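Taking it in order: structure first as structure tokens, then the write-up.
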Amino acid sequence: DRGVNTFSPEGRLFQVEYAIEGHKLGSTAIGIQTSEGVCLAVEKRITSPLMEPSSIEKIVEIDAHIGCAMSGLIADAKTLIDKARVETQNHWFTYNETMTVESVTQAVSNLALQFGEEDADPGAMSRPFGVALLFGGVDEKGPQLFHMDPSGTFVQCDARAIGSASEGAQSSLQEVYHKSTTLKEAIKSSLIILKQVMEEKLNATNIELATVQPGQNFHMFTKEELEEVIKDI
Amino acid sequence: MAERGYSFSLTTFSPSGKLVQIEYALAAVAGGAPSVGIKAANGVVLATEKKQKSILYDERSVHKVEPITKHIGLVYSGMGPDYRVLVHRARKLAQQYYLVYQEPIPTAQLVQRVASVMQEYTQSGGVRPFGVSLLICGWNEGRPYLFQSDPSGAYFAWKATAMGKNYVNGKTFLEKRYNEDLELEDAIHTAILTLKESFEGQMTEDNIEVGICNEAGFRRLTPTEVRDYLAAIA
Amino acid sequence: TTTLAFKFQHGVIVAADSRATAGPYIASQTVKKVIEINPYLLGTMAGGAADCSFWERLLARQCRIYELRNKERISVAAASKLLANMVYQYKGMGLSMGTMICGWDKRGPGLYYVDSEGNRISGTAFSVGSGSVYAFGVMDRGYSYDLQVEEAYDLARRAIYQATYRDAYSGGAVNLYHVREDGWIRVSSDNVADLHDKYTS
Amino acid sequence: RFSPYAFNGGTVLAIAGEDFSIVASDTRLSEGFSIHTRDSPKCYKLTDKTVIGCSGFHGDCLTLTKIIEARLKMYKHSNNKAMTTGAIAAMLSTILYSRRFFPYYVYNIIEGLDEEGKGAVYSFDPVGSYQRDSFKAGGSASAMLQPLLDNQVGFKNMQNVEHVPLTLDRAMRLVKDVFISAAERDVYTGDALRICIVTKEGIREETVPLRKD
Amino acid sequence: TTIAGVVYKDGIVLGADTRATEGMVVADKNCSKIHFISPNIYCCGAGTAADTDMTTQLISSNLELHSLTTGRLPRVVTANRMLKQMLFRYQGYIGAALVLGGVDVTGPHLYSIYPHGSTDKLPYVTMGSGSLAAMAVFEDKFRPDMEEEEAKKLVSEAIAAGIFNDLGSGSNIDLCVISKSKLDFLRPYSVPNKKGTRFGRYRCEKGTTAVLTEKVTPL
Amino acid sequence: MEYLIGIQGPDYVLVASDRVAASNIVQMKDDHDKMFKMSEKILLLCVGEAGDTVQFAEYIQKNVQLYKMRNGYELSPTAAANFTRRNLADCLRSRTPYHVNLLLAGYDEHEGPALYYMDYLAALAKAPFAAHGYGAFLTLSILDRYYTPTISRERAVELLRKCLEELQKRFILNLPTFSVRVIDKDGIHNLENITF
Amino acid sequence: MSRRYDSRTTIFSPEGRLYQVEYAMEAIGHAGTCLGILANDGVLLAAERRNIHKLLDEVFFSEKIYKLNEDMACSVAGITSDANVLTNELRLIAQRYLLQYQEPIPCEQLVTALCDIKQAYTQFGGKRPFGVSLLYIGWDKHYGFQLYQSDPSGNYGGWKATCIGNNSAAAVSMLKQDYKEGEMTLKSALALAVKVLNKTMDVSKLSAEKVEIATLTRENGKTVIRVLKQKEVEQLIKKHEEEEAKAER
Amino acid sequence: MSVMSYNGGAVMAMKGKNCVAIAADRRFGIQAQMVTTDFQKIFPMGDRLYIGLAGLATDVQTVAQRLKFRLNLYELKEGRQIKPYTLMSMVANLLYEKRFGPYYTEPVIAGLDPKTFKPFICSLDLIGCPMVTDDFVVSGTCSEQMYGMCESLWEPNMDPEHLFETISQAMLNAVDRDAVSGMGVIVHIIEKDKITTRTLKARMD
Amino acid sequence: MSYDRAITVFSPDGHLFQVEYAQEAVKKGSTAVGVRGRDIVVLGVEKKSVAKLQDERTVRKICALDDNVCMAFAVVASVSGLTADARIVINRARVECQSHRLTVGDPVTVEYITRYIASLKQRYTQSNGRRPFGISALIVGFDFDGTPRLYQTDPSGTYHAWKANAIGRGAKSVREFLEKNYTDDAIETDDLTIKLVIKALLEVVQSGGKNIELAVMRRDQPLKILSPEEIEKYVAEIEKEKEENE
């Protein structure tokens with residue numbers, strides 16, 4: 001046998017190459033930075049009407065003006081989000097004003113790769129998480145969308161997609177989405193791209209949208225708002 | 001000076017449903033020196049073979065037969081190093097008990113304490129169990145007592161027991177030679193005979209150690225006293 | 001029973017009344033300041049006295065509740081803000097104390113008002129106040145205060161109370177910051193000076 | 001206030017006046033630890049950017065510990081938050097020190113005088129126990145009201161029109177600074193040597209030594 | 001309170017003590033043994049406050065036991081001194097125990113007096129309890145500073161008898177503990193100086209001064 | 001420490017307990033609408049009494065503990081058992097840096113004798129009894145019950161014992177206390193009793 | 001090195017069992033008969049005494065009947081080794097509960113504290129589970145008389161009558177056949193238990209060296225924990241033995 | 001078993017010895033210092049239910065210490081058949097008290113017990129920091145322990161009857177409540193025998 | 001600790017092994033159904049394997065975490081009850097519920113417990129030498145609102161609210177029969193909700209009232225675990241209703 005910790009002759013670690021694949025398994029999430037605000041769209045993709053569609057969430061709040069859509073293993077991401085909630089309010093106690101998209105994202109990413117399978121502390125990871133997070137909000141600086149990877153490489157984006165359609169969708173965004181496309185048009189761009197990975201057509205019970213716009217706090221779109229974008233796709 | 005330890009599964013159950021390590025530990029004690037313990041009900045007598053097979057060993061203070069405390073002693077069979085830490089550990093428990101109560105630790109109480117240690121060595125990984133069977137003796141609270149603790153961490157109560165090589169024959173010779181309601185003198189005589197029935201042949205007083213236990217205390221007799229006994233036995 | 005952050009309940013709102021003050025009561029270290037701080041839009045509080053101490057405990061209260069309210073999508077109550085502050089402050093005790101905050105929110109069992117002080121007192125009453133000089137004030141106010149006063153009706157009540165209070169009070173360099181809280185919102189009625197309201201009323 | 005026991009005294013008196021984008025901070029030019037003043041030279045004031053100028057005075061042991069720290073907090077803030085040091089740096093530092101000094105009682109009043117990294121001028125006053133507020137008058141030391149008044153009367157212009165009928169200009173504040181320092185020597189007997197006034201702008205640091213009158 | 005001495009003679013070591021063990025200057029108990037027998041080799045006299053002395057002897061006895069068995073050397077009084085000094089420091093110099101450790105090594109018999117100080121104190125011949133100087137002062141007086149064993153044993157017993165006479169706190173039997181390193185002869189009655197008057201006459205009473213309305217055995 | 005005012009009169013028709021609403025800091029009353037008998041469970045009460053602040057503190061921890069046994073056992077916990085467990089918990093807190101003397105007042109439903117009140121001293125002492133007072137006031141009220149005792153006493157007679165006390169309390173006691181919450185407890189629910 | 005040696009017996013299997021608990025389950029079956037039956041005035045335990053020689057000291061009350069508290073008692077099926085550490089730990093837990101609550105501890109409360117520890121070994125750590133399954137008998141205020149069984153990961157089940165050990169299926173079916181849910185008294189309850197032990201065990205007349213029977217009986221409002229002596233046991237053997245004799249005819 | 005201080009929670013024990021038995025009287029009151037309002041709650045514990053130790057004074061330290069000791073007693077009792085002697089418990093108590101620092105547990109112990117099941121009697125009393133004393137005469141214990149010992153040594157014929165003794169010891173209690181003030185009213189006698197516990201209720205003022 | 005040997009290591013399949021091994025162990029058996037009503041939420045498990053000699057009163061397979069939070073569990077094998085495995089999650093969850101109620105004066109919601117289950121599974125994953133529990137729990141309870149809720153969790157730690165769900169022995173099969181039975185009247189009438197749980201359990205294998213145990217919660221009032229005698233009466237009335245519709 002050989003370990004998993006080892007570097008391969010390719011020049012990459014095994015555990016990490018697997019973790020990227022974990023991102024690819026889940027549901028697709030689109031986070032678009034427009035200069036009118038930042039919208040995050042995610043597919044519900046429900047298979048049963050007995051479910052209550054409000055409680056299927058994959059947009060969770062890091063902050064009260066930053067929203068986050070997450071992709072890959074839904075469970076694995078949730079822990080990172082739990083630690084993020086404590087930091088944003090903590091930031092309020094110390095600085096006396098609310099956390100930025102950049103500050104929160106770099107701090108979670110340090111934890112992302114730490115892995116030592118044997119002879120490493122139980123207060124530290126044995127394996128990396130297979131989640132890609134999309135932190136999208138507008139903060140003191142302005143609309144910012146930052147993308148976080150399970151490899152712990154953070155980069156600033158304007159349009160990013162992650163999940164099963166991740167490479168396909170990301171290329172397709174670069175095409176339609178530009179900074180000569182308005183916020184409502186970003187919502188239309190995401191909906192079209194969403195359909196190949198979805199098993200059915202787009203509906204207001206099969207998307208969840210939330211936009212954080214200047215001068216406003218995070219709003220979870222209501223059934224009427226979801227339905228107005230459904231009418232024209 | 002950098003380690004976390006390893007704990008791994010050779011100390012978990014096999015498919016047979018018995019523990020892989022315990023059987024091997026029992027094999028270590030079978031290979032050992034034979035050791036008999038007899039409760040007289042007039043004192044407890046424990047006998048072992050002094051020898052280590054070269055008699056260039058000083059042993060006038062180094063013995064196989066060691067007092068733990070004022071009237072409780074251990075005699076062992078099996079592994080010498082493992083016994084050394086168990087002797088030292090057993091004393092430490094005895095003195096801890098001695099601080100609180102004023103009486104030295106009972107044989108009944110002491111074995112459970114020792115048993116936990118035997119248990120850690122089996123159940124956690126990266127260790128292995130002690131391969132020493134213990135004959136624990138005392139006279140306390142108006143009755144003389146003999147206990148057995150085998151290497152697994154079981155303790156068994158016997159009134160006459162034999163160990164080591166030909167543990168089976170010793171138990172049968174004890175059944176036969178020793179009867180109930182006999183005295184202390186008779187007990188002492190029978191143990192040296194069980195050791196004759198349990199590895200046979202030539203004996204000197206530097207090939208045997210005999211120690212007698214009373215409320216006066218456990219003492220391992222001097223080389224001369226043991227010599228007189230030899231002549232009695234066949 | 002004391003000033004520095006004080007609240008009395010009504011159905012329609014609660015009255016939030018507070019002081020702008022710097023330092024002990026012997027001199028100010030500034031004149032311009034508002035010590036009034038909005039930790040959450042649930043209500044406003046702000047004190048004085050031992051300055052680091054009030055800000056510290058409220059900041060913990062603010063952290064815990066806000067995270068829980070914001071993430072869960074369940075509104076935190078009067079009872080919850082009070083329980084966080086209480087649990088934290090006794091532990092921290094021996095590291096200066098003097099927290100005087102008034103907790104408000106509307107709950108399932110109707111509107112609830114709890115008064116949080118740094119002794120570890122947690123009180124509901126007609127009007128309560130924690131800090132210093134309102135101790136005298138609760139006496140006149142109770143008479144002129146109904147169990148349920150309307151917001152407009154309540155604004156007129158504050159103006160009269162105050163206008164006599166400045167005449168009695170000899171603390172200068174203050175403003176009366178008036179806020180009415182309509183539940184899980186907080187709006188500022190007026191931030192009128194204590195020197196102005198004696199002339200008006 | 002308090003009479004030096006907890007930490008060594010080092011006297012000194014701070015006056016602060018905020019205008020609209022020019023703020024004068026003055027404290028005496030001395031390093032003390034003992035009743036006598038060691039050397040006129042000081043490093044009580046430390047600048048972190050042209051955007052922010054901090055003054056820590058009193059006890060010299062306190063003064064060096066916090067001021068360096070403030071340089072560390074600035075560095076951390078530019079990296080993570082991505083806002084250059086200024087107002088934001090100021091609010092953060094006053095909380096951590098004021099916890100540190102106040103159980104064993106506070107003998108330094110640090111005053112961050114700056115502009116925010118988004119703009120708007122702030123002058124910030126701690127008592128010694130955590131508060132931050134924006135002010136247009138400030139008095140800080142044991143005599144935490146002796147300067148405060150002049151800035152209240154002259155800057156605010158509340159029952160006053162003979163320092164200015166409105167509010168002071170840059171030219172006017174610097175004229176007033178020299179005058180105020182000459183006055184202080186008369187009342188407060190805990191000074192020796194020279195009084196140093198630093199005028200902090202977003203576009204010009206100014207320093208002037210002024211002899212004790 | 002207590003009156004204890006142990007001696008270095010021309011034989012081995014003779015410890016002398018009055019019986020009574022007192023919680024302060026008042027007797028908690030008028031029975032038992034103040035000079036205590038531990039393991040076979042170690043005897044310790046006790047003096048000063050009762051609460052501090054009994055427990056110190058007991059704790060050191062475990063430590064000394066471990067050291068004796070492993071080392072297989074007989075206990076040394078210098079060794080005994082170091083253990084009491086280290087233990088008593090651990091506690092932080094709480095309570096008053098003037099302790100008399102005395103054990104026979106393979107060389108001479110060696111006797112030490114350890115006061116509560118946590119000192120490395122080497123006597124010549126010592127008496128403890130009360131005031132350390134006050135008890136010690138007697139040894140210089142009656143001993144010529146070495147005489148035969150039998151003469152010395154009558155001498156200690158006589159000097160200790162005088163302290164019992166002078167200080168009424170000590171009461172009941174005077175015990176002499178002749179200590180070797182396996183022989184502990186505990187002679188209860190070396191001298192009885194005083195004893196009580198018989199408690200022959202009652203102060204008993206029939207029930208008509210206090211009565212009983214129960215006699216039952218619960219289960 | 002004892003300089004509250006509680007009385008609990010145990011009978012097996014009812015148990016009547018009353019307390020003042022009068023938690024006062026400074027010169028005026030912080031509580032004067034909050035009830036001073038706290039609900040551990042729907043048939044069980046703890047009444048914490050001592051310092052004003054320490055009272056609220058004792059209850060919240062205790063509340064979690066009672067409910068937890070209810071969950072664990074899958075029946076209502078034994079009264080005897082709870083009362084002893086509330087005594088171990090108050091002694092454990094006594095060790096801890098903040099010294100807390102707390103007078104607890106146990107109301108429980110037991111397998112016998114009927115409605116039961118188990119009595120708690122500021123010696124942090126659990127005691128089975130019938131006829132109890134808590135606070136500085138314990139001393140006079142226990143004595144009044146002693147002249148006229150009944151431990152199966154009907155509700156009308158309970159009002160008479162109460163009223164001789166209330167006029168005395170108004171003029172001779174340092175607690176004139178016109179603000180009181182009085183409740184009488186049957187084995188199923190809390191009923192509110194007249195207040196003088 | 002270290003993982004390779006680790007046989008990965010701590011891994012979950014797809015089916016939803018732990019390999020170790022299953023292998024421990026077999027360790028209980030090799031070992032002797034331990035059965036507990038519920039009765040309506042007391043409750044009784046019958047365990048196989050496996051220490052027969054003519055030279056026995058009897059330094060313990062029994063080597064399988066353990067009084068855990070002064071209101072609980074238990075019997076053993078499994079390995080004596082595991083039983084000894086475990087039996088001590090069971091005593092600290094029973095005894096602390098007795099201090100706080102001051103009422104006899106539920107049989108259910110007693111299995112659960114240990115369970116965490118059992119589970120801990122199996123899932124992770126690579127530590128063996130205990131080789132004994134314990135039948136706890138007790139009376140607690142809340143339910144009245146109860147019997148609880150624990151398994152090698154601490155899986156619990158409340159039972160009126162249950163048996164584990166050697167010829168566990170035979171003993172439990174037989175006992176199921178005559179008695180179903182608490183149809184008998186304390187007197188009759190000892191006679192069934194010895195009868196079952198008789199069939200299961202190789203000696204088909206038994207003595208008191210072969211069986212050891214323990215009773216836990218609620219007398220004058222207080223739980224009495226007594227290990228019955230050899231003399232009492234012979235009386236119980238003659239009663240079942242005689243009942244068997246009539247059966248044939 | 002053991003407690004904190006001496007009369008700061010009442011409790012006073014006196015023993016007279018009979019050839020067969022030991023008689024022990026104690027008031028049955030309870031509550032701190034002077035007040036002894038309530039009367040139902042114990043101070044004496046059983047450590048074999050034919051051997052007892054009693055520590056006397058504050059109830060909090062009485063129940064916390066007594067229970068925590070019982071756990072260790074019990075484990076030893078079950079383990080070794082021969083349940084721990086009189087002698088073993090006096091020494092156990094000395095070591096357990098000295099061990100603490102915070103809230104110092106200084107009991108004045110009265111051990112009332114014949115040893116094991118055997119018919120050999122013991123009575124003993126200990127000091128506040130309770131170093132052990134072997135004795136087989138007579139024992140009185142409490143804050144003023146020395147007063148009860150003096151008087152307990154003077155009263156008996158030599159060894160009165162067990163019957164005669166319950167009546168003496170009850171009268172010994174009754175005079176003593178008057179000498180202190182930290183206890184008074186209600187008196188319980190436990191005649192402690194080698195095979196039985198006779199509990200008798202003495203007449204109270 | 002010294003044990004840090006791997007039990008979970010990440011797969012290129014984009015999963016965690018244990019979690020998937022657990023998920024199939026809830027496919028293969030231990031039917032647990034829950035429906036959410038309009039005053040009351042009822043959860044039911046089928047099997048305690050009452051063979052007519054076992055006790056029914058003291059056995060709990062539905063455990064009250066709180067007095068307004070309760071969970072019913074499942075995951076089975078040859079080692080059929082994984083009660084032990086559940087018992088850990090149950091004890092830590094019990095303290096946490098109570099703890100949340102001390103700090104935050106709102107009664108603890110099911111949504112808090114569900115995030116807490118998602119983090120416990122995960123935490124066991126990240127720690128060296130440690131493995132996720134096999135349990136799936138149907139977390140029932142009441143919020144601040146007093147609104148009845150039924151939430152369901154999976155062995156990974158992902159939660160959804162659902163009006164009615166069935167898991168065990170064909171999760172989808174029991175749920176699609178039960179889907180017809182979920183009507184506006186059924187959710188409104190409390191008595192009809194108790195029958196809905198029992199009616200689902202009956203589809204896999206019919207009869208037994210002792211095998212079926214269900215626990216009921218009404219408002220923020222404490223958990224009441226129903227007598228088996230109450231169940232037997234109820235299965236008899238359910239069987240006749242099936243003949244009536246059909």
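Identifiers in the structure tokens: chain A, B, ... in order shown; residue index from 1 per chain; ligand index from 1 in order shown.
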Once you count only C-alpha atoms, which residues of chain I turn out to be within 8 Å of chain A? Could you give them as JSON, numbers by chain?
{"I": [1, 4, 5, 6, 9, 10, 11, 12, 13, 14, 15, 115, 118, 119, 122, 125, 126, 127, 128, 129, 156, 157, 158, 159, 160, 161, 162, 163, 164, 165, 179]}
Could you go through segment 4-135 of chain D and tell me which residues DSSP, when run on the backbone, assigns to strand (DSSP E or B), listing them as a PyMOL selection string?
chain D and resi 14-18+22-29+31-32+37-39+45-47+52-58+108-115+121-124+134
All helix (DSSP H, G or I) residues (DSSP, backbone) inside segment 32-216 of chain E, as a ChimeraX atom specification
/E:50-71,77-91,132-142,149-166
For residue 59 of chain I: contacts at 9 Å, only C-alpha atoms, fewer than 4 positions along chain excluded, given as an NGL selection string
(:G and (108 or 156-159)) or (:I and (48 or 55))
How would the residues just picked look written out with N, CA and C atoms as a PDB file, in the first residue's frame?
```pdb
ATOM      1  N   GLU G 108     -32.683   0.763  33.439  1.00  0.00           N
ATOM      2  CA  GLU G 108     -32.459   1.452  32.184  1.00  0.00           C
ATOM      3  C   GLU G 108     -31.403   2.543  32.224  1.00  0.00           C
ATOM      4  N   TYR G 156     -29.850  -1.703  24.329  1.00  0.00           N
ATOM      5  CA  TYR G 156     -30.534  -2.026  25.550  1.00  0.00           C
ATOM      6  C   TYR G 156     -31.902  -2.488  25.189  1.00  0.00           C
ATOM      7  N   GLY G 157     -32.447  -3.282  26.062  1.00  0.00           N
ATOM      8  CA  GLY G 157     -33.789  -3.702  25.822  1.00  0.00           C
ATOM      9  C   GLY G 157     -34.333  -4.040  27.208  1.00  0.00           C
ATOM     10  N   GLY G 158     -35.574  -3.548  27.421  1.00  0.00           N
ATOM     11  CA  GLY G 158     -36.251  -3.947  28.667  1.00  0.00           C
ATOM     12  C   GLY G 158     -36.882  -5.269  28.485  1.00  0.00           C
ATOM     13  N   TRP G 159     -36.689  -6.308  29.330  1.00  0.00           N
ATOM     14  CA  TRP G 159     -37.221  -7.674  29.185  1.00  0.00           C
ATOM     15  C   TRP G 159     -37.844  -8.103  30.448  1.00  0.00           C
TER      16      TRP G 159
ATOM     17  N   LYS I  48     -39.899  -2.951  17.871  1.00  0.00           N
ATOM     18  CA  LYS I  48     -39.109  -2.981  19.030  1.00  0.00           C
ATOM     19  C   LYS I  48     -38.892  -4.505  19.090  1.00  0.00           C
ATOM     20  N   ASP I  55     -40.603  -6.476  27.492  1.00  0.00           N
ATOM     21  CA  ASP I  55     -41.253  -5.415  28.163  1.00  0.00           C
ATOM     22  C   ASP I  55     -41.491  -4.359  27.074  1.00  0.00           C
TER      23      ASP I  55
END
```
Using only C-alpha atoms, select each residue of chain C with any atom at most 6 Å away from an atom of chain A, and give the selection as a PDB file with N, CA and C atoms, in the first residue's frame.
```pdb
ATOM      1  N   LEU C  59     -22.245  44.318  23.641  1.00  0.00           N
ATOM      2  CA  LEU C  59     -21.715  43.827  22.419  1.00  0.00           C
ATOM      3  C   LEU C  59     -21.820  42.256  22.347  1.00  0.00           C
ATOM      4  N   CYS C  63     -23.937  40.060  19.628  1.00  0.00           N
ATOM      5  CA  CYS C  63     -23.379  39.096  18.790  1.00  0.00           C
ATOM      6  C   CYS C  63     -24.199  37.817  18.724  1.00  0.00           C
ATOM      7  N   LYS C  71     -29.501  34.103  10.885  1.00  0.00           N
ATOM      8  CA  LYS C  71     -29.332  32.772  10.265  1.00  0.00           C
ATOM      9  C   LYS C  71     -30.583  31.919  10.359  1.00  0.00           C
TER      10      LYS C  71
END
```
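Proximity to chain F at a cut-off of 10 Å picks out residues 1, 2, 83, 86, 87, 90, 91, 114, 115, 116, 117, 118, 119, 120, 121, 122, 123, 124, 125, 126, 127, 128, 129, 130, 132, 135, 136, 138 and 139 of chain C on chain C, counting only C-alpha atoms.
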Create the file for the chosen residues now, containing N, CA and C atoms and written as a short mmCIF file (atom, residue, chain, number, x, y, z; two decimals), in the first residue's frame.
```
data_model
loop_
_atom_site.label_atom_id
_atom_site.label_comp_id
_atom_site.auth_asym_id
_atom_site.auth_seq_id
_atom_site.Cartn_x
_atom_site.Cartn_y
_atom_site.Cartn_z
N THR C 1 -35.90 52.41 37.96
CA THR C 1 -35.40 52.68 39.32
C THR C 1 -34.10 53.55 39.46
N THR C 2 -33.48 53.89 38.26
CA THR C 2 -32.17 54.54 38.08
C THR C 2 -32.30 55.01 36.68
N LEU C 83 -31.51 36.83 28.64
CA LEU C 83 -30.83 35.61 29.05
C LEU C 83 -29.41 35.51 28.65
N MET C 86 -27.39 38.10 30.89
CA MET C 86 -27.31 37.64 32.22
C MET C 86 -26.29 36.60 32.52
N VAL C 87 -26.25 35.61 31.61
CA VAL C 87 -25.39 34.49 31.62
C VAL C 87 -23.93 34.92 31.42
N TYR C 90 -22.30 37.63 34.72
CA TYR C 90 -21.91 37.15 36.01
C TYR C 90 -20.58 36.49 35.97
N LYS C 91 -20.27 35.73 34.79
CA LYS C 91 -19.06 35.04 34.50
C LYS C 91 -17.88 36.01 34.41
N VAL C 114 -38.00 43.50 29.80
CA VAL C 114 -37.15 43.08 30.91
C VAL C 114 -36.03 44.19 30.91
N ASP C 115 -35.64 44.51 32.19
CA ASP C 115 -34.65 45.58 32.57
C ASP C 115 -33.40 44.85 32.92
N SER C 116 -32.21 45.12 32.30
CA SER C 116 -31.04 44.30 32.60
C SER C 116 -30.08 45.30 33.22
N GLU C 117 -29.52 44.89 34.43
CA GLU C 117 -28.58 45.70 35.26
C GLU C 117 -27.37 44.74 35.44
N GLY C 118 -26.26 45.28 35.94
CA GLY C 118 -24.98 44.58 36.15
C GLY C 118 -24.83 43.85 37.50
N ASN C 119 -25.83 44.02 38.42
CA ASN C 119 -25.87 43.23 39.66
C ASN C 119 -26.15 41.77 39.36
N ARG C 120 -27.05 41.55 38.42
CA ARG C 120 -27.63 40.41 37.81
C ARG C 120 -29.13 40.49 37.90
N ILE C 121 -29.72 41.70 38.17
CA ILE C 121 -31.20 41.95 38.30
C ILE C 121 -31.72 41.99 36.88
N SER C 122 -32.90 41.33 36.78
CA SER C 122 -33.64 41.17 35.57
C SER C 122 -35.07 41.48 35.92
N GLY C 123 -35.64 42.69 35.63
CA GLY C 123 -36.91 43.11 36.17
C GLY C 123 -37.88 43.60 35.15
N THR C 124 -39.19 43.26 35.34
CA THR C 124 -40.33 43.81 34.61
C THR C 124 -41.06 44.75 35.53
N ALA C 125 -41.43 45.96 35.12
CA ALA C 125 -42.24 46.74 36.05
C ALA C 125 -42.95 47.74 35.15
N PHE C 126 -43.72 48.68 35.79
CA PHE C 126 -44.39 49.78 35.18
C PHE C 126 -43.49 50.61 34.30
N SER C 127 -42.39 51.09 34.91
CA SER C 127 -41.29 51.71 34.23
C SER C 127 -40.07 51.26 34.95
N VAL C 128 -38.98 50.90 34.28
CA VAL C 128 -37.77 50.63 34.99
C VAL C 128 -36.71 51.37 34.21
N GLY C 129 -35.63 51.63 34.92
CA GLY C 129 -34.50 52.38 34.44
C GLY C 129 -33.27 51.91 35.07
N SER C 130 -32.15 51.76 34.33
CA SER C 130 -30.93 51.39 35.02
C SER C 130 -29.90 52.42 34.66
N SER C 132 -28.56 55.87 36.91
CA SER C 132 -28.46 56.70 38.08
C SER C 132 -29.71 57.58 38.51
N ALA C 135 -34.27 57.40 39.08
CA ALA C 135 -34.69 56.77 40.32
C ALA C 135 -35.73 57.63 41.00
N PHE C 136 -35.45 58.98 40.89
CA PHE C 136 -36.35 60.07 41.34
C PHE C 136 -37.52 60.16 40.38
N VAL C 138 -39.04 57.93 38.17
CA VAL C 138 -40.06 56.89 38.13
C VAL C 138 -41.23 57.30 39.05
N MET C 139 -40.99 58.07 40.19
CA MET C 139 -42.05 58.52 41.05
C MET C 139 -43.08 59.37 40.34
#
```
Contact residues around segment 91-97 of chain B with only C-alpha atoms at 6 Å, ignoring same-chain residues under 4 positions, as JSON, numbers by chain
{"B": [68, 105], "E": [62]}
Within 9 Å of segment 119-122 of chain E, counting only C-alpha atoms, which residues qualify if same-chain residues fewer than 2 places away don't, as a compact mmCIF listing (two decimals) with C-alpha atoms, in the first residue's frame?
```
# COMPACT_ATOMS: atom_id res chain seq x y z
CA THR E 78 19.50 12.08 56.68
CA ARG E 81 15.10 14.51 56.83
CA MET E 82 15.13 15.36 53.19
CA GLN E 85 11.69 18.95 54.24
CA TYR E 111 18.52 10.23 65.10
CA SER E 112 17.39 13.57 63.70
CA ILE E 113 14.99 16.33 64.84
CA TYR E 114 13.11 18.07 62.11
CA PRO E 115 11.11 21.02 63.19
CA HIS E 116 8.34 22.44 60.97
CA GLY E 117 10.76 24.88 59.43
CA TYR E 124 23.51 15.79 68.67
```
Should the cut-off be 9 Å, what would the residue list for chain G against chain I look like, counting only C-alpha atoms, as number ranges by chain?
G: 2-3, 6, 8, 10-18, 21-22, 108, 112, 115-116, 118-119, 123-126, 143, 146-147, 153-162, 176, 179-182
Do you have, as a tab-separated table, the list of residues of segment 65-164 of chain B lying at most 10 Å from segment 187-205 of chain B, each with its nearest atom pair and that distance in Å to one decimal, counting only C-alpha atoms and ordered by chain then number?
```
residue	atom	partner	partner_atom	distance
B:160	CA	B:191	CA	9.5
B:161	CA	B:194	CA	9.8
B:162	CA	B:194	CA	7.8
B:163	CA	B:198	CA	8.7
B:164	CA	B:198	CA	8.2
```
